[PDB]
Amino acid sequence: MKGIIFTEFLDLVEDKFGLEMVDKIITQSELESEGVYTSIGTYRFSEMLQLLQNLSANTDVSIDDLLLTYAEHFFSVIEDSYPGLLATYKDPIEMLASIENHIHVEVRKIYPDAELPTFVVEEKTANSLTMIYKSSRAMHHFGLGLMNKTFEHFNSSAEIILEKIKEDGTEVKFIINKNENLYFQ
């Protein structure tokens, strides 16, 4: 996992639960990096999992809800860091159907050691998209938050249903249905 994921995450923990919560979840976790992260550094996901598990226990907010809220904030980091990549797309369904073959392809060019999930499109219409999410990290709600802000980036919204193929969350079917949309875009 890239260090930008760690720094933006603990910045949000500081922003919502105070400084002491950042020191708390770090002390509760056995971290090889001792809780010190840089944007260019590469760290194991087992460190982030400990941070999420400890934050969930201290706040009584589920890991999925914590990952969702963080993902919705991280999309703004994506908007401000790579606007030219987002400017390639005019439609949220088209952009989401291009994560595997284009978006995260470009991410690998930037970070060759990036740990990315896989998305497989099974059905695709103008306002609907069914994709299979696969990742040993089971961060489906991180992807759900980025999907939410993808639709909001294009002045739209969508109903997104998650069906866990494997109950551990490492394989999730995403059923995406864009809403109306009362004015021509």
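So that there is no doubt, residue numbering starts at 1 and follows the sequence shown.
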| task | For the higher mean C-alpha B factor in the entry, choose 78-86 or 93-101. | result | 78-86
| message | Please compare 24-32 with 44-52 and name the stretch with the higher mean C-alpha B-factor in the deposited structure. | response | 24-32
| said: Among the choices 118, 62, 125, 130, identify the one whose CA B-factor in the record is greatest. | reply: 125
| task | Sort the modelled residues of this chain by their C-alpha B factor and say whether residue 171 lands in the lowest, middle or highest third. | result | lowest
| field | CA B-factor placement of residue 150, once the chain's modelled residues are sorted into thirds | value | lowest
| message | Lowest, middle or highest third: which one holds residue 13 when the chain's residues are ordered by CA B-factor from the entry? | response | highest
| message | Ranking the modelled residues of this chain by C-alpha B-factor as given in the entry, is residue 19 in the lowest, middle or highest third? | response | highest
